[PDB]
Amino acid sequence: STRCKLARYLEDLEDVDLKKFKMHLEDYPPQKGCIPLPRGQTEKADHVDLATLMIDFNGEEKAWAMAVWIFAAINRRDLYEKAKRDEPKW
């Protein structure tokens, strides 16, 4: 269900946005308690599978935080504010 909420935001990424979102995942800055994702599985993953991959690598709460940060970073402030206002009660 977190997985499905995240998949829905990811389906809203334009092609350029998705490429950049995936780079950020693969290259995630290394002092958060977050683990970057492998390039093969990340590049290959469709939208729902990418949400699943994010949760499998980092768990629900961190995957959500990563998604919020990256949305801001790639200037999708709409998805940044939507995920922030649609954050699960952990």
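A few points about this structure:
- GNM remark for the chain: springs join alpha carbons under 10 Å apart, and the peak mean-square fluctuation among 14, 26, 43 falls on 14.
- Fraction in percent of alpha-carbon pairs per bin - 5 Å, region 22-65: 5, 25, 37, 24, 7, 1
- Helical runs (DSSP H, four residues minimum) scored at -39500 (n - 2.57) apiece and divided by the length of the chain put the mean residue ellipticity at 222 nm at -21000 deg cm²/dmol.
- Taking all Cα pairs closer than 8 Å and separated by 6 or more residues, the relative contact order of the chain comes to 31 percent.
- Rounded to the nearest 20, the size of the Cβ-charge dipole of region 1-56 about its Cα centre is 220 debye, with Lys and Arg at +1 and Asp and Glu at -1.
- Label-point separation, residue 8 to residue 35 (7 Å along Cα→Cβ), nm: 2.8 nm
- Karplus-derived HN-Hα couplings along region 81-86 (A = 6.51, B = -1.76, C = 1.60, θ = phi - 60°), whole Hz, x at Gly and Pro: 6, 5, 5, 5, 8, 10
- Normalised per residue, the volume of the convex hull around the Cα set of the chain (Å³): 82 Å³
- From least to most packed, judged by other beta carbons within 10 angstrom and beginning with the fewest, 24, 47 follow the order 47, 24.
Computed from the coordinates by the stated procedures, all read-outs in this text should not be read as laboratory data. So basically every Cβ, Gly included, is an ideal-geometry build from the backbone, and we count neighbours across all protein chains shown.
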